[PDB]
Amino acid sequence: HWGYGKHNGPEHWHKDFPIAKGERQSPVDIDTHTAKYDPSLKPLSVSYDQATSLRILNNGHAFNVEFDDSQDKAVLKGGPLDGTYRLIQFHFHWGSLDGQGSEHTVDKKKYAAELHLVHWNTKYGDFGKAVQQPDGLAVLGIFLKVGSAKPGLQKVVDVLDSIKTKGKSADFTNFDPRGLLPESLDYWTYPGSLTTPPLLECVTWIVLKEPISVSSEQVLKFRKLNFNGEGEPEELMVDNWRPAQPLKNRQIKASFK
Ligand SMILES: NS(=O)(=O)c1ccc(NCc2ccc(B(O)O)cc2)cc1
Ligand SMILES: NS(=O)(=O)c1ccc(NCc2ccc(B(O)O)cc2)cc1
Ligand SMILES: [Zn+2]
């Protein structure tokens with residue numbers, strides 16, 4: 001019953017998921033002036049050439065584009081990481097208006113949306129085991145601003161009318177997630193959590209500095225999705241973001257000067 005309404009939204013989550021008030025929760029605000037350049041950080045290595053997308057699912061919170069994670073087909077390495085992390089799914093968080101929607105913020109600025117490419121450390125064997133570990137996941141976060149269309153997003157936008165309501169899924173083969181990346185792979189990183197219940201503290205966050213641009217029309221189509229199931233009262237899927245959480249005993253690291 002958690003969600004994003006007044007009665008079940010982020011300020012309520014702690015009642016069922018007490019780690020919501022934990023020591024390494026996400027998202028956070030990234031203060032660009034107080035992030036520390038870390039010369040030990042390596043370039044990201046994003047290897048998505050053999051990615052195999054399978055399906056797109058409206059899960060009642062967002063939509064997930066799911067991948068075949070039974071082999072190292074689409075992996076993230078390098079950066080702050082000391083293992084190989086398989087891509088399992090990506091999804092977005094977005095607003096009702098262009099002035100909100102991102103989870104992370106930058107000098108307190110919200111973006112219109114945020115893309116999360118979710119990867120799990122292969123040494124743990126499955127995603128469910130990985131989320132139990134302090135280094136189980138690596139989530140690659142990418143901000144979306146509204147301006148020119150993102151060509152590589154359009155295939156996603158166009159299928160959304162077929163997964164309008166909670167529990168719908170559709171085929172989604174042969175999608176190339178490389179078309180969602182910005183040019184630069186400069187990033188910030190810090191230890192954090194899942195941003196939805198169960199809010200587990202298992203994520204090495206890697207947030208790219210350079211946003212991608214999407215069109216107003218693309219993000220308008222995100223906002224036509226529904227949180228509800230078919231045959232239930234229509235609740236638009238908008239404002240499915242958790243606000244910034246206390247930084248606590250963390251300093252964010254920058255890959256760039
Ligand atoms: N956030 S949580 O602690 O898991 C939680 C919060 C609320 C509830 N139940 C009450 C509730 C559930 C859903 C909605 B709604 O607008 O769709 C409103 C009220 C159940 C669990
Ligand atoms: N928004 S986010 O921090 O990227 C993010 C939030 C939640 C999730 N996964 C949610 C979740 C957690 C555990 C299991 B399981 O199989 O035990 C399945 C799904 C994945 C990413
Ligand atoms: Zn997310």
# chains A, B, ... in the order shown; residues from 1 in each chain; ligands from 1
call {"tool": "closest_atom_pairs", "arguments": {"of": "chain A", "to": "ligand 2", "cutoff": "7 Å", "atoms": "only C-alpha atoms and all ligand atoms", "output": "Markdown table"}}
result
| residue | atom | partner | partner_atom_place_in_ligand_line | distance |
| --- | --- | --- | --- | --- |
| A:116 | CA | ligand 2 | 4 (O) | 5.1 |
| A:117 | CA | ligand 2 | 4 (O) | 6.9 |
| A:118 | CA | ligand 2 | 4 (O) | 5.8 |
| A:127 | CA | ligand 2 | 16 (O) | 6.1 |
| A:128 | CA | ligand 2 | 17 (O) | 4.0 |
| A:131 | CA | ligand 2 | 13 (C) | 6.4 |
| A:139 | CA | ligand 2 | 4 (O) | 5.9 |
| A:193 | CA | ligand 2 | 3 (O) | 6.2 |
| A:194 | CA | ligand 2 | 3 (O) | 3.4 |
| A:195 | CA | ligand 2 | 3 (O) | 4.0 |
| A:196 | CA | ligand 2 | 6 (C) | 4.8 |
| A:197 | CA | ligand 2 | 7 (C) | 6.6 |
| A:198 | CA | ligand 2 | 12 (C) | 6.2 |
call {"tool": "residues_around", "arguments": {"residues": "residue 146 in chain A", "least_positions_apart": "5", "cutoff": "6 Å", "atoms": "only C-alpha atoms", "output": "NGL selection string"}}
result
:A and (213-216)
call {"tool": "select_by_dssp", "arguments": {"residues": "range 10-226 of chain A", "states": "alpha helix (DSSP H)", "output": "ChimeraX atom specification"}}
result
/A:127-130,154-159,216-222
call {"tool": "closest_residue", "arguments": {"among": "A:187, A:4, A:227, A:67", "to": "residue 142 in chain A", "atoms": "only C-alpha atoms"}}
result
A:187
call {"tool": "closest_atom_pairs", "arguments": {"of": "chain A", "to": "ligand 1", "cutoff": "12 Å", "atoms": "only C-alpha atoms and all ligand atoms", "output": "CSV"}}
result
residue,atom,partner,partner_atom_place_in_ligand_line,distance
A:1,CA,ligand 1,20 (C),4.3
A:2,CA,ligand 1,1 (N),3.7
A:3,CA,ligand 1,1 (N),6.4
A:4,CA,ligand 1,16 (O),7.6
A:5,CA,ligand 1,16 (O),5.0
A:6,CA,ligand 1,16 (O),6.6
A:7,CA,ligand 1,18 (C),4.4
A:8,CA,ligand 1,6 (C),3.9
A:9,CA,ligand 1,1 (N),5.7
A:10,CA,ligand 1,1 (N),6.6
A:11,CA,ligand 1,1 (N),7.4
A:12,CA,ligand 1,1 (N),4.4
A:13,CA,ligand 1,1 (N),3.6
A:14,CA,ligand 1,3 (O),5.8
A:15,CA,ligand 1,3 (O),4.5
A:16,CA,ligand 1,3 (O),4.3
A:17,CA,ligand 1,3 (O),6.7
A:18,CA,ligand 1,3 (O),9.0
A:19,CA,ligand 1,3 (O),11.5
A:20,CA,ligand 1,3 (O),9.9
A:60,CA,ligand 1,17 (O),10.4
A:61,CA,ligand 1,17 (O),11.0
A:196,CA,ligand 1,1 (N),10.0
A:197,CA,ligand 1,4 (O),7.8
A:198,CA,ligand 1,4 (O),9.3
A:199,CA,ligand 1,4 (O),11.1
A:226,CA,ligand 1,17 (O),11.7
A:227,CA,ligand 1,17 (O),8.6
A:228,CA,ligand 1,17 (O),8.4
A:229,CA,ligand 1,17 (O),11.3
A:232,CA,ligand 1,17 (O),11.2
A:233,CA,ligand 1,17 (O),10.3
A:234,CA,ligand 1,17 (O),10.9
A:235,CA,ligand 1,17 (O),8.7
A:236,CA,ligand 1,17 (O),11.3
A:237,CA,ligand 1,17 (O),11.4
A:242,CA,ligand 1,1 (N),11.9
call {"tool": "atom_distance", "arguments": {"atom1": "CA of residue 33 in chain A", "atom2": "CA of residue 249 in chain A"}}
result
17.3 Å
call {"tool": "select_by_dssp", "arguments": {"residues": "range 178-226 of chain A", "states": "strand (DSSP E)", "output": "count of residues only"}}
result
15
call {"tool": "residues_around", "arguments": {"residues": "residue 183 in chain A", "least_positions_apart": "6", "cutoff": "10 Å", "atoms": "only C-alpha atoms", "output": "PyMOL selection string"}}
result
chain A and resi 210-212
call {"tool": "write_last_selection", "arguments": {"atoms": "C-alpha atoms", "output": "PDB file, in the first residue's frame"}}
result
ATOM      1  CA  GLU A 210      25.576  15.646 -17.841  1.00  0.00           C
ATOM      2  CA  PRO A 211      21.785  15.445 -18.269  1.00  0.00           C
ATOM      3  CA  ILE A 212      19.993  14.136 -21.315  1.00  0.00           C
TER       4      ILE A 212
END
call {"tool": "closest_atom_pairs", "arguments": {"of": "range 56-117 of chain A", "to": "range 154-157 of chain A", "cutoff": "10 Å", "atoms": "only C-alpha atoms", "output": "Markdown table"}}
result
| residue | atom | partner | partner_atom | distance |
| --- | --- | --- | --- | --- |
| A:56 | CA | A:156 | CA | 8.6 |
| A:63 | CA | A:156 | CA | 9.8 |
| A:65 | CA | A:156 | CA | 8.5 |
call {"tool": "closest_atom_pairs", "arguments": {"of": "range 192-243 of chain A", "to": "range 75-86 of chain A", "cutoff": "12 Å", "atoms": "only C-alpha atoms", "output": "JSON lines"}}
result
{"residue": "A:203", "atom": "CA", "partner": "A:81", "partner_atom": "CA", "distance": 10.9}
{"residue": "A:204", "atom": "CA", "partner": "A:81", "partner_atom": "CA", "distance": 8.0}
{"residue": "A:205", "atom": "CA", "partner": "A:80", "partner_atom": "CA", "distance": 9.3}
{"residue": "A:206", "atom": "CA", "partner": "A:79", "partner_atom": "CA", "distance": 8.3}
{"residue": "A:207", "atom": "CA", "partner": "A:79", "partner_atom": "CA", "distance": 11.1}
{"residue": "A:208", "atom": "CA", "partner": "A:79", "partner_atom": "CA", "distance": 11.4}
call {"tool": "closest_residue", "arguments": {"among": "A:115, A:73, A:176, A:165", "to": "residue 93 in chain A", "atoms": "only C-alpha atoms"}}
result
A:115
call {"tool": "atom_distance", "arguments": {"atom1": "CA of residue 68 in chain A", "atom2": "CA of residue 125 in chain A"}}
result
13.7 Å
call {"tool": "residues_around", "arguments": {"residues": "residue 31 in chain A", "least_positions_apart": "4", "cutoff": "9 Å", "atoms": "only C-alpha atoms", "output": "list in words"}}
result
residues 35, 105, 106, 107, 108 and 252 of chain A
call {"tool": "residues_around", "arguments": {"residues": "residue 153 in chain A", "least_positions_apart": "6", "cutoff": "9 Å", "atoms": "only C-alpha atoms", "output": "PyMOL selection string"}}
result
chain A and resi 177+179-180+214+218
call {"tool": "write_last_selection", "arguments": {"atoms": "N, CA, C and O atoms", "output": "CSV table (one decimal), in the first residue's frame"}}
result
chain,number,residue,atom,x,y,z
A,177,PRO,N,19.9,0.3,-24.8
A,177,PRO,CA,19.9,1.4,-23.8
A,177,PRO,C,21.0,2.4,-23.9
A,177,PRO,O,21.0,3.4,-23.3
A,179,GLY,N,21.2,4.3,-26.3
A,179,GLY,CA,20.6,5.5,-26.8
A,179,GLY,C,20.0,6.4,-25.7
A,179,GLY,O,19.4,7.5,-26.0
A,180,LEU,N,20.1,6.1,-24.4
A,180,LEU,CA,19.7,6.9,-23.3
A,180,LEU,C,20.8,7.6,-22.6
A,180,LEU,O,20.6,8.3,-21.6
A,214,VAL,N,15.1,15.6,-23.2
A,214,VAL,CA,14.0,14.9,-23.8
A,214,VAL,C,13.0,16.0,-24.2
A,214,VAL,O,13.0,17.1,-23.6
A,218,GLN,N,7.6,13.9,-25.1
A,218,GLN,CA,8.0,12.6,-24.5
A,218,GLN,C,7.6,12.5,-23.0
A,218,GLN,O,7.1,11.5,-22.6
call {"tool": "closest_residue", "arguments": {"among": "A:151, A:47, A:202, A:26", "to": "residue 129 in chain A", "atoms": "only C-alpha atoms"}}
result
A:202
call {"tool": "residues_around", "arguments": {"residues": "residue 39 in chain A", "least_positions_apart": "4", "cutoff": "10 Å", "atoms": "only C-alpha atoms", "output": "list in words"}}
result
residues 253, 254, 255, 256 and 257 of chain A
call {"tool": "write_last_selection", "arguments": {"atoms": "C-alpha atoms", "output": "short mmCIF file (atom, residue, chain, number, x, y, z; two decimals), in the first residue's frame"}}
result
data_model
loop_
_atom_site.label_atom_id
_atom_site.label_comp_id
_atom_site.auth_asym_id
_atom_site.auth_seq_id
_atom_site.Cartn_x
_atom_site.Cartn_y
_atom_site.Cartn_z
CA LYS A 253 32.85 12.01 -4.48
CA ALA A 254 33.38 13.47 -7.95
CA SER A 255 35.17 11.75 -10.83
CA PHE A 256 36.02 15.11 -12.38
CA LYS A 257 37.56 18.40 -11.45
#
call {"tool": "closest_residue", "arguments": {"among": "A:94, A:37, A:190, A:48", "to": "ligand 3", "atoms": "only C-alpha atoms and all ligand atoms"}}
result
A:94
call {"tool": "closest_residue", "arguments": {"among": "A:91, A:104, A:42, A:21", "to": "residue 119 in chain A", "atoms": "only C-alpha atoms"}}
result
A:91
